[PDB]
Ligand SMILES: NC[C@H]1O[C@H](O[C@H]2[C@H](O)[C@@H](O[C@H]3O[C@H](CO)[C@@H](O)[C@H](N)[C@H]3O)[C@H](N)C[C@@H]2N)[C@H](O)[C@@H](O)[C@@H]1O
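Have a look below at one chain only, the form deposited without the named molecule, in structure tokens format.
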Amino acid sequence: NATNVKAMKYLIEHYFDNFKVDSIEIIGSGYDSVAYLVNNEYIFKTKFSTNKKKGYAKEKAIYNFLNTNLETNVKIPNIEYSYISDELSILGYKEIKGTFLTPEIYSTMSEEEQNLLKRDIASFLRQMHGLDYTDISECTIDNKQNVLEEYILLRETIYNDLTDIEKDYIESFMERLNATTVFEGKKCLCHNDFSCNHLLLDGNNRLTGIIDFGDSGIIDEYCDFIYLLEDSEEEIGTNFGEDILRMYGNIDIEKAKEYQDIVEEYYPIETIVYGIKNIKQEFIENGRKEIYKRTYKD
């Protein structure tokens, strides 16, 4: 453990001239990134060269757009330090304080407390989705088209070596993609990774902050409800998402649910594609195995 922290302490002090690191610890990890808590006050997100070459550049541009344009009391990262290169990216901002929302915490809240949290979420999403996004228009994301391009990459690489069961799962997904209408609705600026591990509560169990706008862009409005609708151990549950949708208003709930169900079906394929793009066999195997689990569940 000691070694990572030392290298990262060195890089921070090297790229940010007057910054002194008095303490540093690992606070989180993705597959190709690490986050550190520094001086018990700053979050530094860091990444070495990955397949997404403009990754922390976009995230920084989004925080800068949002800190200029959002009217909200909910806090989000405000970037004070940034170093962006092909081989290394670092973003630093003052840590937003609070407690991450979990299913367990939610279940100890009174009905009224739950309602106020749902209302806070709806209001935040309303305010973000209603922004004029002209000034961030470079951050457009077309999920259908992205899926079609990932399918082409499969066909060019490993598709012919898959099993019939794997091929059928993929083709059956592509048929559903082609018949659906859920990519044809309102587009807006979405957080696009809006799960409860990115939502911070204050001491009264009200929403106080939101982190990780790394995947944000102009995309289907239904995107920000994918995790709120999700039934799993990590998320609160379908009822929670449904109530938030009703409070948010002027959105077709059945379509939001169809969008979530399609994204969920895609997950194993998305996992396979990640493995191909990043040359990680482990992800290709995991996604293929998950196809079998889903096929045999019923």
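Only the largest set of C-alpha atoms that superpose within 1.5 Å between the two forms is called the rigid core. Residue numbers run from 1 along the displayed sequence.
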inquiry  = Core-aligned, RMS over all structures and residues: is 239-247 or 28-36 the stretch with the greater C-alpha displacement in 7 other deposited structures of this protein?
reply    = 28-36
request  = Please pick 153-161 or 181-189, whichever has its Cα atoms farther from the shown form in 7 other deposited structures of this protein after a rigid core fit.
outcome  = 153-161
query = Is it true that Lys53 goes unbuilt in a third or more of the other compared entries of this protein?
reply = yes
note = Stretch with higher mean Cα temperature factor, 79-87 vs 167-175, is 79-87
ask   = Out of 131-139 and 206-214, which one has CA B-factors that are higher on average in the deposited record?
value = 131-139
query = Which one of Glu264, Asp243, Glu258, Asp231 shows the top CA temperature factor in the record?
reply = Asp231
ask   = Between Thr72, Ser123, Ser195, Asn115, which carries the biggest CA temperature factor in the record?
value = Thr72
key: Modelled-residue ranking by C-alpha temperature factor, third containing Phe44   = lowest
message = Is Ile269 in the lowest, middle or highest third of its chain when residues are ranked by C-alpha B-factor?
response = lowest
Entry-reported Cα temperature factor of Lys187, expressed as the chain third it lands in = middle
request  = Going by the recorded CA B-factors, say which third of the chain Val38 sits in, lowest, middle or highest.
outcome  = middle
key: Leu200 CA temperature factor, ranked by third within the chain   = lowest
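What follows is about the form solved in complex with the named molecule, which we do not show.
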message = When the contact criterion is heavy atoms within 4.5 Å, does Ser232 count as touching the named molecule in the deposited complex?
response = yes
ask   = Does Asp215 make contact with the named molecule in the deposited complex, using a 4.5 Å heavy atom cut-off?
value = yes
query = Hey, in the deposited complex, does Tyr267 get a heavy atom within 4.5 angstroms of the named molecule?
reply = yes
Any non-hydrogen atom of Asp193 within 4.5 angstroms of the named molecule in the deposited complex = yes
query = Of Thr157, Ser123, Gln114, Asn197, which residue is found within 4.5 angstroms of the named molecule in the deposited complex when only non-hydrogen atoms are counted?
reply = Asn197
query = Thinking of the named molecule in the deposited complex, which stretch from 161-169, 82-90, 125-133, 224-232 has heavy atoms inside 4.5 Å of it?
reply = 224-232
